[PDB]
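Chain nomenclature is as follows: A, B, C, D, E, F, G, H and I, assigned in order of appearance, with residue numbering initiated at 1 for each chain independently.
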Amino acid sequence: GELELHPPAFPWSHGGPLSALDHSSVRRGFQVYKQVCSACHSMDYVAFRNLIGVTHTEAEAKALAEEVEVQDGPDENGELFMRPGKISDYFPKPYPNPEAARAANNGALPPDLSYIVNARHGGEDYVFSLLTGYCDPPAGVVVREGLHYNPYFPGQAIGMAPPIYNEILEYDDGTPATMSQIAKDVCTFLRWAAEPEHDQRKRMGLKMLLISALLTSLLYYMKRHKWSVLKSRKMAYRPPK
Amino acid sequence: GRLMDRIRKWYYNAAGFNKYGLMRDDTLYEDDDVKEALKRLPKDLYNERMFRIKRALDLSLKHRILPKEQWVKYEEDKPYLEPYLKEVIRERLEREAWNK
Amino acid sequence: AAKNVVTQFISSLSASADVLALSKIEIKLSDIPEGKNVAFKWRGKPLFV
Amino acid sequence: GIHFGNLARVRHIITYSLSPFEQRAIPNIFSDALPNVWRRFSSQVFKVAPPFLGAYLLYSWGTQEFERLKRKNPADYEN
Amino acid sequence: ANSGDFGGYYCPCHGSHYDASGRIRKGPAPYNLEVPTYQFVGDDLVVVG
Amino acid sequence: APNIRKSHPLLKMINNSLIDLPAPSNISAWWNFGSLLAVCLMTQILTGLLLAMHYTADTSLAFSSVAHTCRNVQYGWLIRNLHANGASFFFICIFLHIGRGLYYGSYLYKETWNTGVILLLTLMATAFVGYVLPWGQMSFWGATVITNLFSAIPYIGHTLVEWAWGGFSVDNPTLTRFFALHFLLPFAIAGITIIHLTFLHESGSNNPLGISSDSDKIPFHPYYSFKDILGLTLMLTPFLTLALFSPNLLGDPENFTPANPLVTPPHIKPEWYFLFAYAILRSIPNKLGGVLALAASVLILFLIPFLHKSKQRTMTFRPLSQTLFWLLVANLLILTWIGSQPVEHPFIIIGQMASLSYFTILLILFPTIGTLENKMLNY
Amino acid sequence: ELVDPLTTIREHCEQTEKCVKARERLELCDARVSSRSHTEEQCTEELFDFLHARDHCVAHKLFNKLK
Amino acid sequence: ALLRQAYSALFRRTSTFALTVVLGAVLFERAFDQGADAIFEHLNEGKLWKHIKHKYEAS
Amino acid sequence: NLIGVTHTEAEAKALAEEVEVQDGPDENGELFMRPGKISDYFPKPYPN
């Protein structure tokens, strides 16, 4: 398919060079990940402790992390045993290895979504449209059995079944679980998940621009000041005659 | 013909080293021959070339040029070195071909 | 002496000894319908069937 | 390592300059500064811009011609 | 695989076009795809070594 | 005796090369890049160590260590950013530092120049290996294509590559030895930089007018030390602005996917500073040709000093050359762009042309315009 | 039963001229192609052109209504 | 005159010049930080965890 | 390592085939046992 459809530019609440993530849309996005994506998509570089001070309280996270049984060990006999989760564990893999996942998704591998937002040309803009944009193949296009059409996805034959539909879950903050409202929140989460610093990164940026403005000017003075001597200088050639 | 002559004049105003008060031969790159030539310059002609440059340099440092009325004019440009040089070169050419 | 110490050190860079034996492959021509291609993790680099 | 003194032979040149504290930070920003910032821009934009503009064009053409060759020509399907 | 002007292959790195025989047809590439010494065994099976 | 700034076998140096150093009273801002490049180097090395203190050169942990470094190390993330981009800012600076030299013919200071070239060559190589450490998809496929370049040489070809990879294909041994390489090379740059500068100090700096400057020189300090601290902050702003406000602008995202020796990505582009090369290698449709064209595309710098025909040193006074110079610059800008584009029409032909024109402006149009010019001054 | 501001505005936009103009071009492509077998043509292009104009529009408003 | 008093008791003695940049910077930091933090927490009202905090911080 | 030192190539192959090693995962993601190749190290008598 020598041709491809590129996505548009939604005005994410945090798009601006001074705009922090929407720490609420993130808490939600998460829920969306935890209650929907975390059944096929791994999040290996994120962990429950990361949530603290960002979207959840310490107490919440503990409980959050305890809703899962992890594999620790060996014990004293040398047996691997299950145990409740601690804030120090990372988000659980839905499969034991890519070989497995593939087999449970028709040979297709649902990629870990930690850095996904930064690994696809378009970022949260693309991830949004893929989620929402699912539709019927136009005239003359036959999508292999097991694959669904999606104009936004390269090749238009995506192995991912449309993951969201109104009310598919229900936010605890009382928010209209419309398809997009979710896709907006989950895409917003992915961002945080992909570069948690984001906030502190832009805050510094500001500070930098401010010092950098002041300091650059202050030096434009001291450079000229000293140089003045050579710029104002005047010379004359006075031979003997 | 009178083409190369109306061409040269153009190029001359084009290079624009006059804007700095520098004669044609003030801007010459100083290889070994030139160096030699410059040493043969009559006391004054040299002290004069000197000023012109130390003045041009002072300009380039200030980022300014000479007011229109002080620029060198294509026909008033004195080739004070061209002769001394062609001699150095002529001289050298000899030593070289003679060493065979 | 010099020639041998350089030889010595220089082959330190070339392939190791833990560079496997090779040759192994299981394939069911049936899993591949007509007109398609598939990648197999073979002896280091891909293998098209 | 000393270069100051052995440089060149100069004769009859007088130079006067003033302490920095006696003169201005940056003077004549308008009666002298800008009007020269311009001159420069003027004299040089005609040697520089040309080829740059020349590129710009070529870039757009190449790009526009490529995106054009991606579209489909009906004359292949009106049969 | 499944791209190019020769219904076979294409290497996006510097644009070499390979056909269904893996033979090099267009691009900077200079030699045809290496072929492994292999053999068939049954109805829908096959192995190399 | 008298002062302890000219007789101390150490202090004398910082004073003999950084304070009393005689400098043309008129060098511009295109002379600043010198220092910046230096500050650039020393700076990369710092972020570099800091980083190396958390990386782990081994295919099964390379990628993850870089992420852990970003996510778990205090300010780690920032520290990467500065390093990752410093590289660019570096290449940028070096590029002007080279153009500055071309325009004002600093290349007449042969030794000071040739070293420069070597330096470039090393920086180029250096960045290459660094880029592979994060073991991403590009990292890999880059490491796989670039090294493969030597396989163009006949006989010792295929064989030379083996050392490189340390195997029969890119794997761990490659990664780890690259990390060694990367850790080492910078220092070599810092070393040659010393020769570079040391050669320059026999002749003094060149200058915009292209004529003797003995007639008036000034102490590096405080004239240029101040001019430079400013220059540094004027360039530092954008570079920080990117690494703080748009970290990934210059960076390909495909490299956020762990290397897969089984799938070469569809949209493959090297980082910007290698595009022009890339374009040329892709311009000639022949393994060897492309390599050779490439090899010369940079190795040509060694010739610039013998392709000088003008009786004057700088272009300041040679409008013709000037236009040809800017034509070359732009010519380069294109080649880069072309590298950013896939192998298809019109691009292929455009690439092919631009290359021809690049090589031609350097090998024939400059020496030719240069001569002509002289005759128009009547020399 | 609630309404996803998306499908509501996806409607509204399909009215903009750009949309219809392309919407029609497709309608037509779809027709000639669906009613003919031993072809090659595909109505992807036409479709994109559509989705492109449509969604672009959706993009300007959608987020106003989302929380 | 402030500048004079300045030049006399500060920028003159190289010893006190320094002593100023120190006690000086100090204040600058303390102050600057506050501003930027404020200019920032303000441009992002109700989006920072510091703002959402009370909806779960059982207190 | 034995080859060329204490045993012949042939012997080692056989020697190493007297053990079942744990390779995998396969196509479904299951670890499966398989005969030993000269490239395996001597087997641990315990898992830890």
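Criterion: a contact is a pair of C-beta atoms (placed from the backbone, for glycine too) under 8 Å apart; a residue touches a chain by one contact, two chains touch by 3 or more.
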| item | value |
| --- | --- |
| Starting at chain B, fewest touch steps before arriving at chain I | 2 |
| Given chain D and chain G, the chains that contact each of them | A |
| Comparison of B-D and A-D (more C-beta pairs in contact) | A-D |
| Per Cα centroids, the chain farthest from chain D | I |
| Averaged-CA centre spacing for the pair chain D and chain C, given as whole angstrom | 54 |
| Whole-Å gap between the CA centroids of chain A and chain H | 33 |
| Between chain H and chain F, distance of the C-alpha-averaged centres to the nearest whole Å | 40 |
| Separation of chain B from chain H, taking each centre as the mean of its C-alpha atoms, in whole Å | 60 |
| Touching two or more other chains - residue numbers and ranges from chain I | none |
| Shared-contact residues (touching 2 or more other chains) in chain E | none |
| Chain-chain contacts as defined at top | A-B, A-D, A-F, A-G, A-H, A-I, B-D, B-F, C-E, C-F, C-I, D-F, D-G, E-F |
| Chain D - residues contacting chain G, complex | 71-72, 77 |
| Complex contacts: residues of chain C adjacent to chain I | 18, 20-21 |
| Contact set on chain B toward chain F in their complex | 7-8, 11-12, 14-17, 20, 24, 26-30, 50, 53-54, 56-58, 60-61, 79, 82 |
| Touching residues on chain G, where the partner in the complex is chain D | 32, 40-41, 45 |
| Residue ranges of chain H in contact with chain A within the complex | 32, 36-37, 39-40, 43-44, 47-49, 51-52, 56-58 |
